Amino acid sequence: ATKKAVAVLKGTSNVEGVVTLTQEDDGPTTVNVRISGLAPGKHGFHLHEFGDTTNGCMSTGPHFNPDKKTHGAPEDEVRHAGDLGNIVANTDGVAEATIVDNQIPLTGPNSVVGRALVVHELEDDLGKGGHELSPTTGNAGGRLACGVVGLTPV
């Protein structure tokens, strides 16, 4: 068995995007990301709790956090669950990244089907800042685009 899902990032900004999530057996997931319309630099890219979209991206809620932890980097132990770091945006405003994460499954409890991915305006602190929002958001603050993770064929 192998699973796949897609997420078409759209906002009220000139930010577009599409991200494909792949998963084998019930091991890790591969996420391929291509987003355009962003300022060159480091962003913030998380798997936000809910799939809403009714109130733009401001209803996809907080970070997906079944383990009840603090905010971190993908390579940390205290991290949310939805932390996926920063994606770098090229000089033309396109961002292409590949992250393989073992906390965003496509099956069972904790599955990330019908949740949302959000690309953030400002670079995420990885929880390293001492901001107030650091321990919760990475101060990546400003949701440019999201979309719900849905099922895609195979």
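Note that residue numbering begins at 1 and tracks the sequence as displayed.
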Original post:
Mean C-alpha B factor from the entry: is it higher for 110 to 118 or for 90 to 98?
Top reply: 90 to 98
Original post:
Among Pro62, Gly27, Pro66, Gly85, which residue carries the highest C-alpha B-factor recorded in the PDB entry?
Top reply: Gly27
**OP:** Determine, from the deposited record, the chain-internal third of the Cα B-factor for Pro105: lowest, middle or highest.
**Re:** lowest
**OP:** Ordered by C-alpha B-factor within the chain, which third holds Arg79? Give me lowest, middle or highest, please.
**Re:** highest
Original post:
In terms of the chain's CA B-factor thirds, is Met58 lowest, middle or highest?
Top reply: highest
**OP:** Relative to the other modelled residues of the same chain, rank the CA B-factor of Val15 and answer lowest, middle or highest third.
**Re:** highest
Subject >> CA B-factor ranking of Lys42, expressed as a third of its chain >> reply: middle
